[PDB]
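What follows is one structure encoded as structure tokens, with my remarks underneath.
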Amino acid sequence: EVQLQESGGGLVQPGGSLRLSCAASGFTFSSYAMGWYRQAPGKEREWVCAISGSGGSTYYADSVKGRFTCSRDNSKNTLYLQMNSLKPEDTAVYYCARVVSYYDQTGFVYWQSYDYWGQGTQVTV
Amino acid sequence: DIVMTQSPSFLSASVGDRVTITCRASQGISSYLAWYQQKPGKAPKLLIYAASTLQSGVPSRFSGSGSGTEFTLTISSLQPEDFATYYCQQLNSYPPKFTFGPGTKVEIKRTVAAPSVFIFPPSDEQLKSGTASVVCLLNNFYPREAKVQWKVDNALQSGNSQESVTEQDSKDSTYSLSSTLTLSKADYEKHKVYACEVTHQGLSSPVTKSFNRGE
Amino acid sequence: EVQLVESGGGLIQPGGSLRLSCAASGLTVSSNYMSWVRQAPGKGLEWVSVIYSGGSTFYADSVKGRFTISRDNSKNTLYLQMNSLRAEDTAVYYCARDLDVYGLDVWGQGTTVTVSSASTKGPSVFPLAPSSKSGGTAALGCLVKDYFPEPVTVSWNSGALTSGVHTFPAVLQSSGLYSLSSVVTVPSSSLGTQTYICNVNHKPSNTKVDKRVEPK
Amino acid sequence: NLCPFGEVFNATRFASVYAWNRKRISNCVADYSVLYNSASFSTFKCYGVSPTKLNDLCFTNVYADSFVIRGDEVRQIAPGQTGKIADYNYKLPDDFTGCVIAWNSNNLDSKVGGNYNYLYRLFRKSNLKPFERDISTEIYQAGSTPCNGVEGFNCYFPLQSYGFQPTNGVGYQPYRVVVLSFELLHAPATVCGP
Ligand SMILES: *[C@@H]1O[C@H](CO)[C@@H](O)[C@H](O)[C@H]1NC(C)=O
């Protein structure tokens with residue numbers, strides 16, 4: 001886990017479509033599931049999506065389900081979050097990192113992030 | 001988080017005295033405590049680890065005790081080279097690897113000495129630059145605790161003064177203070193009387209030194 | 001024998017980068033926990049980062065994502081790369097060997113890192129003249145104002161006058177420049193006979209000033 | 001033939017983390033309800049399998065690894081973690097399929113003068129491979145000079161004891177940890193749910 005750069009866009013109109021991209025190096029991208037973490041201005045960080053190495057299992061939060069789609073191309077070691085039906089509440093900064101999932105005692109699934117960081121800045125979406 | 005506190009902040013003692021300084025923790029840390037000594041301009045020196053075990057090459061007068069939330073460092077006989085700042089450090093903490101204490105400074109005790117107070121008006125050369133600095137000098141006082149009040153036309157001033165205190169002197173073990181009141185030239189010409197009032201143990205009443213602009 | 005020798009400190013603009021190095025003798029950096037601890041001017045000691053024997057690296061929250069700890073084993077040297085400095089990192093940094101519950105035994109001499117957007121400026125020397133008000137003691141001095149960076153050196157009568165001289169620690173102002181005062185207490189009978197000059201040297205600006213303080 | 005989970009979970013004396021105990025569950029019927037219907041576990045995290053489906057699955061073998069660590073170190077018992085426990089005492093594989101369960105043990109493993117029978121490996125040159133057990137008591141060499149089996153400067157004993165006192169904070173307080181690992185091989189399946 002040597003680095004993780006991010007891209008995708010900035011200011012964008014409501015009800016629009018845009019995709020956010022993340023790059024990876026120093027590890028087998030297909031081996032580790034990657035996740036998108038969104039941090040709102042003045043609010044806490046929130047897990048929006050997580051995708052397995054295969055992509056056969058994709059997990060999304062209820063706050064954004066039905067609108068964003070998370071995809072990965074293991075060929076280029078890149079992470080994609082396609083954002084559609086945009087609303088002003090989705091205005092935040094997005095970050096990528098390696099992620100792992102666990103089941104609690106009652107069967108619900110939560111996600112844990114490998115300790116690292118990706119540096120980027122967004123001001124409107 | 002576990003917070004480390006150290007008391008006293010300042011302690012005055014003489015050579016041969018027995019010195020005890022305490023370090024407290026918000027939550028019990030068992031014996032995960034270390035004691036270090038630092039002198040001005042030099043790196044910290046490890047004195048005690050595990051809160052009771054002496055580091056090799058450290059004199060036996062240093063001793064540590066305590067478990068849980070309260071720990072103590074004791075010097076059986078204070079020696080002239082033992083005058084320094086002492087820190088306590090938590091070991092195997094989370095999230096930080098270790099957390100140091102605020103620090104305790106051990107200083108040379110002596111008789112109470114009243115300060116000598118002098119006031120210095122701004123120089124005309126500085127007045128040409130557009131800024132005026134008035135200086136108050138407190139010379140050769142003990143104990144260190146002293147208060148300086150800057151007054152302009154009998155009005156107490158806050159937010160325009162900066163202070164500096166020298167270390168204990170090599171000969172008479174006396175501290176000295178220098179306070180600067182910085183203002184604009186226009187404000188300096190707008191007022192006439194500038195005074196510095198010093199409060200100290202050696203003074204029965206606070207001592208005020210004043211000057212009037214333009215003599 | 002045992003010694004950690006540091007280098008790489010200096011003056012940096014905010015947002016800049018600096019690499020600190022710590023060469024080791026008497027211990028192997030690989031086989032030891034190696035930590036960086038910084039002391040801010042006039043404050044206590046704060047842990048920065050730690051590197052393990054197995055390669056695990058841990059950083060403090062204040063410097064997460066900006067500082068990187070590394071080691072070279074051919075040179076037995078510990079390295080700290082500091083990027084995006086933010087002027088609260090201005091401190092004296094030390095490299096130490098960590099023994100966990102046994103504490104940090106071996107420290108280094110420390111290197112000073114100062115982060116400031118201020119420009120190197122020559123000091124202005126002004127006279128703190130003695131007051132007209134005696135037969136006893138009078139106080140005179142010099143104010144060395146608006147200089148960057150530290151340090152400066154102040155002497156009296158080219159070193160002939162060292163008794164009663166107090167050169168106070170400098171203070172950092174809102175402008176980012178330092179101010180200092182040097183005072184001396186002299187017999188007042190010598191005010192009209194002996195001529196007192198303060199000699200101030202600021203090497204970074206190549207400034208040398210001799211200011212005569214005379215009663216006004 | 002009920003699987004002996006209680007032998008690991010409800011045992012009086014646990015093991016040190018540097019010498020973590022492993023028990024092989026085989027040829028028995030396992031009811032995981034006793035584990036996932038209990039309220040005595042501070043940490044219950046299953047990676048790669050949900051507890052609810054566990055009673056409906058068959059495995060070739062099961063492994064129960066028990067040890068005692070500090071609370072602040074319980075986070076290290078997880079895939080892709082770094083730390084003294086993870087690097088030198090007990091390493092979980094990144095592709096870990098199993099359940100980590102942990103409960104407080106201040107009532108049993110904390111003594112007024114301190115329990116010094118629980119130890120962790122403090123010094124080790126290289127990080128531990130997954131499911132490795134280092135029980136060496138060799139003196140660690142921190143410098144060029146050989147130790148010759150004598151403790152001294154740059155020559156330290158590899159194991160250090162936890163100070164487990166009842167007045168310690170929760171992070172410094174002891175926690176008992178059991179890790180269940182389920183293995184399926186090209187062999188007859190012996191561990192099955194009800
Ligand atoms: C341990 O004993 C308690 C008390 O009877 C019981 O509730 C629990 O199920 C036991 N644990 C196991 C793993 O059997």
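Chain labels run A, B, ... following the order of the structure tokens; each chain numbers its residues from 1, and ligands are numbered from 1 in the order shown.
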Query raised in the report: When the cut-off is 7 Å and you count only C-alpha atoms and all ligand atoms, which residues lie near ligand 1, shown as a list in words?
Result: residues 5, 6, 9, 10, 34 and 35 of chain D
Requested in this report: Assign secondary structure with DSSP using the backbone only, and return the residues of region 79-175 of chain D in alpha helix (DSSP H) as JSON, numbers by chain.
Outcome: {"D": [84, 106, 107, 108, 109]}
Query raised in the report: Which of these, D:72, D:132, D:87, D:56, has the shortest distance to chain C once you count only C-alpha atoms?
Result: D:87
Report task. Enumerate as a VMD selection string the residues belonging to chain D that approach chain B to within 7 Å, with only C-alpha atoms taken into account. Result -> chain D and resid 72 163 165 167 to 169 172
Query raised in the report: Which distance in Å separates CA of residue 189 (chain B) and CA of residue 121 (chain C), to one decimal?
Result: 27.7 Å
Would you give me, as a Markdown table, each residue of chain C having an atom within 12 Å of an atom of chain A, along with its shortest atom pair and that distance in Å to one decimal, using only C-alpha atoms and sorting by chain and residue number?
| residue | atom | partner | partner_atom | distance |
| --- | --- | --- | --- | --- |
| C:56 | CA | A:115 | CA | 11.6 |
| C:57 | CA | A:115 | CA | 10.8 |
| C:58 | CA | A:115 | CA | 9.9 |
| C:59 | CA | A:115 | CA | 10.9 |
| C:64 | CA | A:117 | CA | 8.9 |
| C:65 | CA | A:117 | CA | 6.8 |
| C:66 | CA | A:119 | CA | 10.3 |
| C:68 | CA | A:2 | CA | 11.7 |
Include C-alpha atoms and write out the residues we just selected as a PDB file, in the first residue's frame.
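This is the output file part.pdb:
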ATOM      1  CA  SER C  56       5.830  -1.204  10.951  1.00  0.00           C
ATOM      2  CA  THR C  57       5.605   2.596  11.044  1.00  0.00           C
ATOM      3  CA  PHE C  58       3.286   4.596  13.304  1.00  0.00           C
ATOM      4  CA  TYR C  59       2.724   8.355  13.265  1.00  0.00           C
ATOM      5  CA  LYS C  64      -0.303  11.832   9.825  1.00  0.00           C
ATOM      6  CA  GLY C  65      -0.083  11.900   6.034  1.00  0.00           C
ATOM      7  CA  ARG C  66       2.683  14.533   6.080  1.00  0.00           C
ATOM      8  CA  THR C  68       7.374   9.647   6.725  1.00  0.00           C
TER       9      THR C  68
END
Query raised in the report: What residues in chain C lie within 8 Å of chain B, counting only C-alpha atoms, written as JSON, numbers by chain?
Result: {"C": [44, 45, 46, 47, 50, 60, 94, 100, 101, 102, 103, 104, 105, 107, 108, 109, 110, 126, 127, 128, 129, 130, 131, 139, 166, 167, 168, 169, 170, 171, 181]}
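With only C-alpha atoms taken into account, the protein and nucleic acid residues at most 7 Å from residue 185 (chain B) (excluding it and anything under 6 positions from it in its own chain) are residues 127, 130, 131 and 132 of chain B.
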Write the selection just made, keeping N, CA, C and O atoms, as a tab-separated table (two decimals), in the first residue's frame?
chain	number	residue	atom	x	y	z
B	127	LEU	N	10.74	56.30	16.93
B	127	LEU	CA	9.57	57.12	16.65
B	127	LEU	C	9.49	57.51	15.18
B	127	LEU	O	8.39	57.62	14.62
B	130	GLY	N	7.59	54.98	13.05
B	130	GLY	CA	6.15	54.89	13.20
B	130	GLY	C	5.66	53.94	14.27
B	130	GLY	O	4.45	53.71	14.36
B	131	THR	N	6.56	53.37	15.07
B	131	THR	CA	6.19	52.47	16.15
B	131	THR	C	6.98	52.85	17.40
B	131	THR	O	8.16	53.20	17.30
B	132	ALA	N	6.33	52.79	18.56
B	132	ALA	CA	6.95	53.14	19.83
B	132	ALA	C	6.96	51.92	20.74
B	132	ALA	O	5.94	51.22	20.87
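The space separating CA of residue 92 (chain C) from CA of residue 41 (chain C) comes to 7.6 Å.
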**Report entry** Residue set, region 40-205 of chain B restricted to strand (DSSP E), as a PyMOL selection string
**Finding:** chain B and resi 45-49+53-54+62-67+70-75+85-91+98-100+104-108+116-120+131-141+147-152+155-156+161-165+175-184+193-199
Produce a file of the selected residues containing C-alpha atoms, as a JSON list (two decimals), in the first residue's frame.
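To be explicit, this is the file written out as part16.json:
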[["chain", "number", "residue", "atom", "x", "y", "z"],
["B", 45, "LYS", "CA", 18.22, 11.96, 29.94],
["B", 46, "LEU", "CA", 16.42, 8.80, 31.03],
["B", 47, "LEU", "CA", 16.54, 8.45, 34.82],
["B", 48, "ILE", "CA", 14.03, 5.74, 35.81],
["B", 49, "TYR", "CA", 12.00, 3.12, 33.94],
["B", 53, "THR", "CA", 13.93, 0.71, 38.37],
["B", 54, "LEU", "CA", 17.02, 2.88, 38.01],
["B", 62, "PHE", "CA", 17.30, 9.27, 42.28],
["B", 63, "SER", "CA", 14.49, 6.89, 43.23],
["B", 64, "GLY", "CA", 11.04, 6.22, 41.82],
["B", 65, "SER", "CA", 7.88, 4.88, 43.42],
["B", 66, "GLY", "CA", 4.19, 4.48, 42.68],
["B", 67, "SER", "CA", 1.72, 2.29, 40.81],
["B", 70, "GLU", "CA", 0.11, 8.38, 41.30],
["B", 71, "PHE", "CA", 3.90, 8.25, 40.97],
["B", 72, "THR", "CA", 6.72, 10.00, 42.81],
["B", 73, "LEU", "CA", 10.35, 10.85, 42.06],
["B", 74, "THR", "CA", 12.59, 11.43, 45.08],
["B", 75, "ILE", "CA", 16.15, 12.73, 45.30],
["B", 85, "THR", "CA", 13.52, 20.10, 34.52],
["B", 86, "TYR", "CA", 12.05, 16.66, 35.19],
["B", 87, "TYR", "CA", 9.47, 14.91, 33.01],
["B", 88, "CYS", "CA", 7.23, 11.87, 33.45],
["B", 89, "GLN", "CA", 6.27, 9.74, 30.45],
["B", 90, "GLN", "CA", 3.55, 7.14, 29.95],
["B", 91, "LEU", "CA", 4.59, 3.87, 28.30],
["B", 98, "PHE", "CA", 4.01, 7.74, 24.66],
["B", 99, "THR", "CA", 2.75, 10.92, 26.33],
["B", 100, "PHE", "CA", 5.04, 13.20, 28.32],
["B", 104, "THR", "CA", 8.72, 20.20, 36.78],
["B", 105, "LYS", "CA", 11.63, 22.64, 37.11],
["B", 106, "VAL", "CA", 13.90, 22.37, 40.17],
["B", 107, "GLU", "CA", 15.62, 25.66, 40.99],
["B", 108, "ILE", "CA", 18.04, 27.04, 43.57],
["B", 116, "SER", "CA", 14.85, 47.02, 40.83],
["B", 117, "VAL", "CA", 12.34, 48.61, 38.45],
["B", 118, "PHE", "CA", 13.38, 50.89, 35.59],
["B", 119, "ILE", "CA", 11.32, 52.41, 32.78],
["B", 120, "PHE", "CA", 12.70, 53.28, 29.34],
["B", 131, "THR", "CA", 6.19, 52.47, 16.15],
["B", 132, "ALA", "CA", 6.95, 53.14, 19.83],
["B", 133, "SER", "CA", 8.26, 50.57, 22.31],
["B", 134, "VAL", "CA", 8.29, 51.29, 26.05],
["B", 135, "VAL", "CA", 10.47, 49.00, 28.17],
["B", 136, "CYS", "CA", 10.11, 47.96, 31.81],
["B", 137, "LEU", "CA", 13.12, 46.27, 33.42],
["B", 138, "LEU", "CA", 12.86, 44.26, 36.64],
["B", 139, "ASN", "CA", 16.38, 43.56, 37.89],
["B", 140, "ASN", "CA", 17.62, 40.83, 40.24],
["B", 141, "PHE", "CA", 14.51, 39.63, 42.05],
["B", 147, "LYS", "CA", 3.43, 40.77, 37.97],
["B", 148, "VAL", "CA", 3.80, 43.72, 35.58],
["B", 149, "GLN", "CA", 0.91, 46.08, 34.81],
["B", 150, "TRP", "CA", 1.29, 48.55, 31.95],
["B", 151, "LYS", "CA", -0.74, 51.74, 32.39],
["B", 152, "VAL", "CA", -1.29, 54.49, 29.81],
["B", 155, "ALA", "CA", -5.62, 52.97, 32.02],
["B", 156, "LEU", "CA", -4.65, 49.32, 32.45],
["B", 161, "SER", "CA", 2.75, 43.74, 26.12],
["B", 162, "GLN", "CA", 5.31, 40.95, 25.85],
["B", 163, "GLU", "CA", 7.50, 39.60, 28.64],
["B", 164, "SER", "CA", 10.82, 37.76, 28.86],
["B", 165, "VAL", "CA", 12.49, 36.28, 31.95],
["B", 175, "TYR", "CA", 15.84, 36.26, 37.87],
["B", 176, "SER", "CA", 15.32, 39.35, 35.71],
["B", 177, "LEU", "CA", 12.34, 40.41, 33.61],
["B", 178, "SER", "CA", 11.93, 42.66, 30.57],
["B", 179, "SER", "CA", 8.48, 43.77, 29.41],
["B", 180, "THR", "CA", 7.82, 45.62, 26.15],
["B", 181, "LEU", "CA", 4.69, 47.68, 25.47],
["B", 182, "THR", "CA", 4.43, 48.20, 21.70],
["B", 183, "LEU", "CA", 2.10, 50.82, 20.26],
["B", 184, "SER", "CA", 1.76, 53.09, 17.26],
["B", 193, "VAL", "CA", 1.78, 59.40, 31.20],
["B", 194, "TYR", "CA", 3.16, 55.86, 30.88],
["B", 195, "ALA", "CA", 3.63, 53.72, 33.98],
["B", 196, "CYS", "CA", 4.81, 50.22, 34.91],
["B", 197, "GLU", "CA", 3.51, 48.71, 38.16],
["B", 198, "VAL", "CA", 5.35, 45.73, 39.67],
["B", 199, "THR", "CA", 3.87, 43.31, 42.21]]
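Shortest atom-to-atom contact with residue 128 (chain D) among C:3, C:55, C:174, C:206: C:55, counting only C-alpha atoms.
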Using only C-alpha atoms, which residues of chain A come within 7 Å of chain D, and what is the closest atom pair for each, with the distance in Å to one decimal? Give it as JSON lines, sorted by chain and residue number.
{"residue": "A:101", "atom": "CA", "partner": "D:47", "partner_atom": "CA", "distance": 6.5}
{"residue": "A:102", "atom": "CA", "partner": "D:47", "partner_atom": "CA", "distance": 4.5}
{"residue": "A:103", "atom": "CA", "partner": "D:46", "partner_atom": "CA", "distance": 5.0}
{"residue": "A:104", "atom": "CA", "partner": "D:45", "partner_atom": "CA", "distance": 5.2}
{"residue": "A:105", "atom": "CA", "partner": "D:36", "partner_atom": "CA", "distance": 5.6}
{"residue": "A:107", "atom": "CA", "partner": "D:50", "partner_atom": "CA", "distance": 5.7}
{"residue": "A:114", "atom": "CA", "partner": "D:80", "partner_atom": "CA", "distance": 6.7}
Query raised in the report: If we count only C-alpha atoms, what is near residue 8 (chain A) at a cut-off of 6 Å, once residues fewer than 4 positions away on the same chain are taken out, given as a ChimeraX atom specification?
Result: /A:19-21
May I have the residues from that selection written out with N, CA and C atoms, as a PDB file, in the first residue's frame?
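In the end it all went to selection_9.pdb:
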ATOM      1  N   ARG A  19     -18.232  10.706 -12.572  1.00  0.00           N
ATOM      2  CA  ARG A  19     -17.527   9.553 -12.029  1.00  0.00           C
ATOM      3  C   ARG A  19     -16.254  10.007 -11.327  1.00  0.00           C
ATOM      4  N   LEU A  20     -15.981   9.413 -10.166  1.00  0.00           N
ATOM      5  CA  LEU A  20     -14.791   9.711  -9.382  1.00  0.00           C
ATOM      6  C   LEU A  20     -13.847   8.517  -9.403  1.00  0.00           C
ATOM      7  N   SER A  21     -12.557   8.792  -9.587  1.00  0.00           N
ATOM      8  CA  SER A  21     -11.564   7.759  -9.842  1.00  0.00           C
ATOM      9  C   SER A  21     -10.494   7.753  -8.759  1.00  0.00           C
TER      10      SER A  21
END
Query raised in the report: Would you list which chain D residues are within 6 Å of chain C using only C-alpha atoms, as a PyMOL selection string?
Result: chain D and resi 125-127+142-143
